[PDB]
Every structure is written in C-alpha cells, then in structure tokens.
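Q: Model the structure of this input:
(chains A, B, C, D and E)
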Amino acid sequence: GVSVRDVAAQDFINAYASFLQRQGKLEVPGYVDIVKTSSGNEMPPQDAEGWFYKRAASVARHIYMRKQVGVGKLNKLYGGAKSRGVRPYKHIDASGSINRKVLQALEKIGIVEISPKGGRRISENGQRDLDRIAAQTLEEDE
Amino acid sequence: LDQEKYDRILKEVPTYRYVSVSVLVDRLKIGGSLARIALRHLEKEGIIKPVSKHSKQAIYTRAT
Amino acid sequence: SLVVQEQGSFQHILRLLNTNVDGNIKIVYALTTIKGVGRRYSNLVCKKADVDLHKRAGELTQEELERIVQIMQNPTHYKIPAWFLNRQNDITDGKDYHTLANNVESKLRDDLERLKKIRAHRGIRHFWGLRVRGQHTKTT
Amino acid sequence: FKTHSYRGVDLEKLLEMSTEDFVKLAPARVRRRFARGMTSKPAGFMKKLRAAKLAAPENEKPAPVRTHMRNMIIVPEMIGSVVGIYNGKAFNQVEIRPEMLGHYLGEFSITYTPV
RNA sequence: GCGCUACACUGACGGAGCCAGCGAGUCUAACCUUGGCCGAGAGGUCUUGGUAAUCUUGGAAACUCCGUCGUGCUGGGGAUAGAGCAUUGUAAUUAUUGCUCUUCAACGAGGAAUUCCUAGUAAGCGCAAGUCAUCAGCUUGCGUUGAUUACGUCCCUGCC
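A: Numbering: from 1, shown residues only, chains lettered A, B, ... in the order given. For reference, the structure is listed below:
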C-alpha cells in the first residue's frame, strides 16, 4: 500500500504513454500526425506519433488531478504564450479537437468519464486502471 | 563519420577521465550533431562510468 | 546508438530542382536551401514519404532523392490538404497547386504582371518602389 | 495565341452573367460584400450601366455615367461599362474588362500627388 | 529619437515534469467558446454551457526534470526570400495574420555620448485589459523568480 501522487510526473507519462502505445482498441483519429496541434507553435509535436501515446497519460493523472473541465479549459493549458516576433511576446488557447477526441476514446474502455455538472471525472475501472499502473511505474522507481 | 572516428573514440574514452560533447569537438572535431551517441552508446564492462543531468548539461567521466 | 559504418554511397554533396544542396549538413532543410518549400511542406513530404528526419542530405537510396524530386512540384495525392498552400487558387488557370524552386521566381513574377495590366492599388503602390500594406514607413 | 478565362473557369459566361453566380466566385472578401449592407449601392447605376451600355448606336464608347460609389464591385454584366469617379472633386473616366474581374471600385482611381 | 530578438554549452533544440495574479463576456444577437469528432498544422465544425466566485477558467512562460548537441558564425544568429494551405474581411494588390517545408542576411558584447534606479527595489520570463472586424515589436496593470550597490554628501548640474 500504493498510489497517482505517491509517484512522479513523467514515469507513471511514459510507463501509461507504452501501456494505451501497446493497447490497440487505442482509436487513433485522422488528423493526429500532421496539422499543428497548437497557432503559436511553426513546429507540430516532434514525435508525430503514438503525442496523440504521451498525451494519453497527461489529460487521461490530470483528471481523477481534480474534480472536473473538458474543451475551452485542456484549451488554456496546452500551449503557452505566442512567438509574435517583433510586437511584445503574448497566451494562446491549442484546437479543442484531439482532447474533444481522447475525449470520446478514453469514453470507450472505461478510463475517463463525463462529470454530471457536464464534461470530463475518470470512472470508478479507470482510476482501478491508474492507482494497476501507478504500482507496476512505482517499481521502476523502487 | 568514417572508420577512424569511432576507433581513435573507444581506444583513446575508458580511462579518458573528463568528458562531454564539447570534449569531442575540441579533442575525437567535426560533428556534435551525433556526439550525446558514440560516447552513452555501452554505459561489456569498459566504456564510461558517470556522475552526469537532464537534456540541461551532461557533465560524463573511469570501469574503475 | 553508435557511429554508423557513413562506405561512400556516403556521397558528399547532393543534387533537389537545380536549386545548390549540401551533403554532410539534418535533412528537413539540407529539402529550405530552396524556394517555395520550408520545414512544413518538408515535414509532410517526409511523413507521406518513407523517410528519415535525422539522416543527412548526402545519405540518399535514390528510389528517396526522385520520390522526395517527386507529393513537390502532384500536390493533391499523398494527402496534401490544399490551407497548406501559398498557389492558393490560381484565379487567371482554379488551382490546388504548389509554386516551387525556379518557379516561385517566375510565378513572386507573373502575379504582379494580372494587376499591372489593370490600372489598380495592390500592385501600383511593387511599382513605385515604396509599401502597399497601409503603413507609414519613413524610418525603416 | 491563347484569352482570359477569369478562376482554361472553360470568357465562355464570364462575358455576360448574373450578379448567385460570381456572388460566389470572388476571393474571400467579396461572401461578405454582396452579402454584407448588400441594397442601395446600385439603386440607380445598374439601372444610368443600363441607360450608357444601352443608349449607344455599339462598338462608338458610350456616353459617360454619373458617379461617389468607388464602393461598387467589378461583375460579368458591366463588361465594357463606360464608367466615369469622385476622387473627392472631379470624375477621373475608366476603360471597363474581362481581366479587371474580383478586383476593387474607385483601388483604381488614385485620389492624393505622389512626387 | 522610443524599441524588439541575439553574439551562446550559465545556450539551442527536444521529450518529461509541469506552476499564479490583474481581467473580460453573449440581448435583443453572435461575446466566450469547452466538450466530442474532422485537420501534420493552421483550423473546421457540431453542438454545448455561461448576462457569470455559477461556463471557457484550476494546467502562462522563465524551470526542475532526462538528454542530444561539443567549441565547428554552429546545433548561436532567424534576415531576406519561393510557393502553396488556411483564417478573417464588399474590397486583401503597396502578401491583415497564421501556418505548412526550404532560401540561412548581419553581428562575434556596441565609439563621441549619455540615461535611469535604494527593496520584492534593478531587471526578464510571461499574460488579461485599451484599441478592435481584424493587424502590437506600444499603452496600462499584475504577479511568478529575484540580487548587486549606498542607506551619504554639495565635486557637479538644477533649482531654492
């Protein structure tokens, strides 16, 4: 006895990333390699890959950490400022799309759920699937 | 990158005590892009024993 | 993972569109010593292509030179989404197309000289050598 | 030799056409100009373009119109028309075309001198 | 004249940790938009809530992470360019902005000058408002990291 919290903020990231890389169920939406996530990034994600399976443990640990939120919330979070260039540097809110679609794909198995008030809440499974996998990422630290 | 750049490298980088990637562009000169590779490779009991952190500096070192 | 033993088919300068390239530079560029292409049509013609994004410009199978001269030039076929674009609607010949290397230099050209036939003010303010976007420039 | 096919789309229908038709085929701005503050632009030019193109002998250019609608569009029924525009004082005329078609009116009239 | 980025390994690129505060906001109509999809992306949209400690909105950047780059004007510099693709706008031309990829301009710590500053103070990393259909390299306001140096004179200027 054994927590999601008791364990670090990028081992759980890369060791649910190689869980949700090697699950196959996960689905993988059609503007999820090309398209730039965020519009101030020039560079999309340098993975081009299963950022989608590194945004599938972020999102997900991020929920549960709090109550509820999303898509115009994971909209203020994932971006940062702007590269305006010359114009004194400026926040920019992503693209609700990819995680408006992992948030309807996580909806699928029984990990993330829709919190009544509504919008993403992790289910009751789900959590079961994050306390199984915060204790399998605690023993790559142990 | 040809084959007296990696075996100049490995016979020179076991007891070679202080290293990095500014260490292989000033001693073996061309590259850097590659270098953080044929250092790190392995980590066979006879390359580098480190007190290296993150990304941002990789400060490596001596098997013994 | 190691120093890769590059034989010489490491070949040490390259030539893509007649328009120079250097041959032990980390690719996506090198495709950027060019006109009309720059690390965004370049990180598509490599993802729609069977590529390395970490290989150099010399280290190029040729089946990866002629498929990477080829997506380029075509545009709609290996999913090129058409917002992705510069020749966005011809408006003379539609069309969904790419203005290239030698060709962004003679089309920069042929877009000024459908509005200098006119006598208007998007290619007459390019004409006085002074700028069209609406500002007061004096400083510069 | 190869004629200006306006977007060959195959002059032929870009000679003499509707107002639905090219309402669509302009570049983004204009969508938001035929459809925005649409009425009261040609309350009486397309009705003095049609009095002009129309009171001539054709081929002798027609008798000059008036206008201060430098805010009208260039459409495939005003092809030839003659047109004459307020830069703030006097009526500068203009040859009206198939390759002016989609472009701004009185850009053309040059107002301000330069040097 | 007022200003932005930079001459680096005390940094540039990247995963992986991953953190506030000042606001604002739609009504007689289109202000904020998530969510869940479509787009490499820029975005598109279905649909959603919200006249707001009630929604977008608890996830901003400097950073710790884990490293590749190795003294190569580079893997500092991001100038100027070629096209396309988008997102507004009756009008995008003297490309409003954005993306997609390549062209890879100076400058290798800034002379005679000359400013502002005694404590959360100097300064840098952001952002919300003021424009506004948009276009910030400005105006205002905030915090998150945060020290040197005095804490005194009339040499000067300036004015009493």
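
Q: contacting residues around the residue positioned nearest the centre of chain D?
A: By Cα atoms, centre = their mean, chain D has its centre lying nearest to residue D:74, at 3.5 Å. Residues near residue D:74 by Cβ atoms under 8 Å, 6 or more residues apart in numbering or on different chains: D:96-97, D:100-105. Backbone N, C-alpha and C define where each C-beta goes, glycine included.

Q: hmm, 7 Å instead?
A: D:100-101, D:103, D:105 (Cβ atoms under 7 Å, 6 or more residues apart in numbering or on different chains).

Q: Chain D against RNA strand E: which residues are in contact?
A: Proximity of chain D to RNA strand E (Cβ under 7 Å from any atom of the strand) is limited to residues D:26-37, D:71, D:73, D:103-104, D:107.

Q: again, only using 6 Å
A: D:26-34, D:36, D:71, D:73, D:103-104, D:107 (Cβ under 6 Å from any atom of the strand).

Q: Give me the nearest residue to residue C:13, chain neighbours excluded.
A: residue C:23 (4.1 Å; Cβ to Cβ, 6 or more residues apart in numbering or on different chains).

Q: And residue C:95, by the same measure?
A: Residue C:95 sits nearest to residue C:87 (Cβ to Cβ, 6+ apart), 6.8 Å away.

Q: Let me know the helix or strand that the closest residue to chain C within chain D is in.
A: Per Cβ to the nearest Cβ, residue D:107 is where chain D lies closest to chain C, at 3.7 Å. Here residue D:107, judged by DSSP states H and E, is contained in no helix and no strand.

Q: For it, grab the count of nearby residues.
A: Per other Cβ atoms under 10 Å in any protein chain shown, the neighbour tally for residue D:107 reads 19.

Q: how far away is the nearest residue in space to the residue nearest to the centre of chain D that is not next to it in sequence from residue D:44?
A: Using Cβ to Cβ, 6+ apart and skipping residues adjacent in sequence, the residue nearest residue D:74 is residue D:100, 5.0 Å away. In this structure, residue D:100 and residue D:44 are 22 Å apart, going by Cβ to Cβ, to the nearest Å.

Q: again, but for residue C:127
A: In terms of Cβ to Cβ, residue C:127 sits 35 Å off from residue D:44.

Q: Repeat that for residue A:97.
A: Residue A:97 is 50 Å from residue D:44, by Cβ to Cβ.

Q: again with residue C:131
A: Distance, residue C:131 to residue D:44, using Cβ to Cβ: 38 Å.

Q: how many neighbours does residue A:83 have?
A: 13.

Q: scratch that, residue C:67 is what I was asking about
A: Using other Cβ under 10 Å, residue C:67 is surrounded by 18 other residues.

Q: Just list the residues touching it, thanks.
A: Residues near residue C:67 by Cβ under 7 Å, 6+ apart: residue C:49.

Q: quick one: it from residue A:45, how far?
A: 25 Å.

Q: likewise residue B:37?
A: Look at residue B:37 and residue A:45: by Cβ to Cβ, they are 23 Å apart.

Q: do the same with residue D:28
A: Residue D:28 sits 30 Å away from residue A:45, going by Cβ to Cβ.

Q: swap in residue A:75?
A: In terms of Cβ to Cβ, residue A:75 sits 17 Å off from residue A:45.

Q: Then residue D:44?
A: 59 Å.

Q: neighbour count winner among the two?
A: For the pair residue D:44 and residue A:45, the greater number of neighbours falls to residue A:45 (15 against 11), based on other Cβ under 10 Å.

Q: ok, residue C:96 - how many residues close by?
A: Neighbours of residue C:96 using other Cβ under 10 Å come to 15.

Q: Name the nearest residue to it, sequence neighbours excluded.
A: Closest to residue C:96 by Cβ to Cβ, 6+ apart is residue C:82, at 4.7 Å.

Q: Could you do residue D:8 as well?
A: residue C:93 (7.6 Å).

Q: what's around that neighbour, how many residues?
A: Per other Cβ under 10 Å, the neighbour tally for residue C:93 reads 11.

Q: and it, which of the three is it?
A: Under DSSP: H, G, I helix; E, B strand; the rest coil, residue C:93 falls in the coil class.

Q: Could you list the contact residues of chain C toward chain A?
A: Residues of chain C found near chain A (Cβ under 7 Å from any Cβ of the partner chain) are C:39-40, C:44, C:47.

Q: hmm, try it at 10 Å
A: Contacts of chain C with chain A, taken as Cβ under 10 Å from any Cβ of the partner chain, map to C:38-40, C:43-44, C:46-48, C:53, C:79-81, C:83-84.

Q: The residue nearest to the centre of chain D and chain A, how far apart?
A: To chain A, residue D:74 is 33 Å away according to Cβ to the nearest Cβ, to the nearest Å.

Q: Equivalent analysis for residue C:2, please.
A: Per Cβ to the nearest Cβ, residue C:2 is found 22 Å from chain A.

Q: residues contacting that residue?
A: By Cβ atoms under 10 Å, 6 or more residues apart in numbering or on different chains, the residues touching residue C:2 are B:6, B:34, B:37-38, B:40-42.

Q: contacting residues around the closest residue to residue C:98 other than its chain neighbours?
A: In this structure, residue C:98 finds its nearest non-sequential neighbour in residue C:75, 4.9 Å apart by Cβ to Cβ, 6+ apart. For residue C:75, the contacting residues are C:41, C:81-82, C:84-85, C:87, C:95-98, by Cβ under 10 Å, 6+ apart.

Q: Identify the farthest-apart pair in these.
A: Using Cβ to Cβ, the contacts of residue C:75 span at most 16.5 Å, a distance reached by C:41 and C:95.

Q: quick one: which of the two has more around it?
A: Higher neighbour count among residue C:41 and residue C:95: residue C:41, with 21 against 15, using other Cβ under 10 Å.

Q: Which helix or strand contains that one?
A: Following DSSP H and E, one finds residue C:41 outside all helices and strands.

Q: Also residue B:26?
A: Residue-wise, residue B:26 maps onto no helix or strand under DSSP H and E.

Q: What helix or strand is residue A:98 located in?
A: Here residue A:98 is assigned to no helix or strand, by DSSP H and E.

Q: Tell me, how many residues neighbour residue A:33?
A: 18.

Q: and if you look at residue A:18?
A: 14.

Q: That one and residue D:15, how far apart?
A: From residue A:18 to residue D:15 the distance is 65 Å (Cβ to Cβ).

Q: residues of stretch B:2-14 that come out buried?
A: For stretch B:2-14, a neighbour-count test (16 or more other Cβ atoms under 10 Å in any protein chain shown) marks B:5-6, B:9, B:13 as buried.

Q: Let me know whether that stretch sits next to RNA strand E.
A: No - residues of stretch B:2-14 contacting RNA strand E under Cβ under 6 Å from any atom of the strand: none, with a closest distance of 10.2 Å.

Q: near chain C, anything from that stretch?
A: Yes - contact of stretch B:2-14 with chain C (Cβ under 10 Å from any Cβ) involves B:2-3, B:5-7, B:9-10.
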